Amino acid sequence: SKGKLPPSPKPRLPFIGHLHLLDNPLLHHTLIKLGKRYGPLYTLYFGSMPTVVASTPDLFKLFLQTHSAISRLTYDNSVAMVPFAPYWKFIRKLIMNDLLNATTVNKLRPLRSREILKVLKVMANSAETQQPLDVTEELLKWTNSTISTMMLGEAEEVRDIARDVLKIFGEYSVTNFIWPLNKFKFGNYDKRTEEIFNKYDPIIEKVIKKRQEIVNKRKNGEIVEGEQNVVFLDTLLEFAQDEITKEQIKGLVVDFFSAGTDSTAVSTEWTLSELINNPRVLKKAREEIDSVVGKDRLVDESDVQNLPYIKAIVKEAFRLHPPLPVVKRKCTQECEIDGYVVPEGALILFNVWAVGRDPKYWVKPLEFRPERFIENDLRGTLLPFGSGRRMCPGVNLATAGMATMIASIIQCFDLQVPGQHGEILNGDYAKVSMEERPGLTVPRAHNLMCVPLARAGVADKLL
Ligand code: HEM
């Protein structure tokens, strides 16, 4: 018990604290340089707010222990609603009563498979035209559609809400500087953005109405025909009035759309980019798929458990390119971490990007070497056991779902990299830039452009 904060740099300035030292939009690079001098736990003042920066796994675990836990999720996204929002108590009761469980997420697999197939068919078309495909854009549409279809169904009104949610996400990303809602200003927008906002509430109200009558017709024993797929919202509506309000249902839907869907699109692109840049690993990945699954049917989500190298590839891309390089938490009460005092209300920053590249934990950390997870949650979480990860379609998409998409892509296609003067790069130049774009979520700065090439025995046997 040293009775003092973790060490801090100099100088601390009256109003801005240490903010003048943050001279890099990619904050995690600056936090590493500071960590080299001041150690694995140090204090920065974001204005008047003390902010403690940790960069070891042991420090992360200390911040997750109970005193009430000394740190909590922030409201940067809707995941914080799970422990804190009162209307999420309804979800917790469904879980404890075995009415919402892992089987609920497993039964959505056919919906997830059809969304995967849609992407493969887009790539197949680009293979036939031999035209560059914006894989970044396709992965954003894939994750956005899969979330909305799992939640609400295949109706055309859900296609409309998916396009609207993606547009809202677009307006949410332009208010971002480094972290979201930092350059936001109270303004008037325009008629274009106004129509985007006003479209959401009437569309979701109609979708809930159309799903409520399906639930009622199933409850009263009446037969239903047309769309036999059961959506996640149907499970919520089926027990909403047992013996939760419409507004609170709409609030759950808002939370379901804003928990970080884009993280899966970002991590999928980082993984594909590492595979393109590491032909040895990509060849070995296709050999596993050809051996475990074969060339006669598409990879299925049930195969992922039998694809250890594919799972190691996802872990290895997560180690090098965590979607959130800096994870934020808030101190809930005065506590002591490794002898230092952490004050109530302090912002806590986990530099997970630094840990992923630290030679103290990883042999040759700059190498994309999935074997490190073999020769010795397929991403390799901070929420306690029993928080509901097993019942969440978003966690499924971020793990088994992304692994299935990546395996399906490389099973069917070679990814050619187009060049800047009428040529396809290959093979020493067949690489993509790994430069980062600043953000809370940090994607590749350059969109992933690829010219798919159908592998031999794929068009007729698979697509
Ligand atoms: C119904 C549709 C739902 C959607 C579309 C959705 C969406 C998401 C997404 C996109 C994430 C981010 C996962 C990641 O990238 O790491 C997430 C996280 C999470 N969700 Fe959901 N969710 C849904 C329902 C639920 C439910 C019912 C629960 C019940 C407790 C739940 C609990 C969680 C938890 C605990 C996390 C955090 C997991 C972690 O950080 O490791 N979700 N959700």
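Residues numbered from 1 in each chain as written, not as in the entry; some residues may be left out. Heavy atoms only, no water. Residues with missing side-chain atoms left out of burial classes, pairs and counts.

According to UniProt, the "binding site: heme" (unreviewed entry) feature falls on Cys392. Tracing the sequence through the fold places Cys392 in the loop between helix 16 (352-356) and helix 17 (393-412). (UniProt positions renumbered as here; feature names shortened; annotations may be inferred. Helix = DSSP H or I, 4+ residues; strand = E, 2+ residues; numbered from the N terminus.)

As a further point, take unusual backbone geometry. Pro11 follows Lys10 through a cis peptide bond whose omega is 0 degrees. Note that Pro11 resides in the segment before helix 1 (27-38). A cis geometry characterises the amide bond from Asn426 onward to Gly427, with omega recorded as 0 degrees. Mapping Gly427 onto the fold places it in the loop between strand 10 (424-425) and strand 11 (449-454). In this structure, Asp98 is a non-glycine residue whose phi angle is positive, near 60 degrees.

Okay, the domain arrangement of the protein chain next. Under the domain assignment used here, the protein chain contains domain 1 (19-80 + 324-356) and domain 2 (86-323 + 365-454). If you look at the interface, domain 1 gives 22 residues, while domain 2 gives 20 residues. Taken together, the residues of the side of domain 1 that touches domain 2 sort by class into 14 nonpolar, five polar and three charged. (Domains from an automatic or database assignment. Contact = heavy atoms within 4.5 Å. Nonpolar A, V, L, I, M, F, W, Y, C, P; charged D, E, K, R; others polar.)

Quick look at a nonpolar patch on the surface now. On the surface, a nonpolar cluster with roughly 700 Å² of combined accessible area is contributed by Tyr172, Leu181, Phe184, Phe186, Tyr189 and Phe197. Inspection of the secondary structure assignment puts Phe186 in the loop between helix 8 (156-174) and helix 9 (191-198). (Patch = residues over 30% accessible without salt bridge, like charges linked within 9 Å, V, L, I, M, F, W, Y side chains within 5 Å. Areas by Shrake-Rupley, 256 points an atom, 1.4 Å probe, with all protein chains shown as cover. Salt bridge = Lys/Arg side-chain N within 4 Å of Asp/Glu carboxyl O.)

Moving on, we get to the state of the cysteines. As enumerated under the stated definition, the model contains zero disulfides in all. Note on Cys335: no disulfide assigned, nearest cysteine sulfur contributed by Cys331 at a separation of 3.9 Å. Take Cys335: its relative accessible area is 10%, and that puts it in the buried class. (Disulfide = S-S within 2.5 Å. Buried < 20%, exposed > 50% of the residue type's maximum accessible area, 1.4 Å probe, protein only.)

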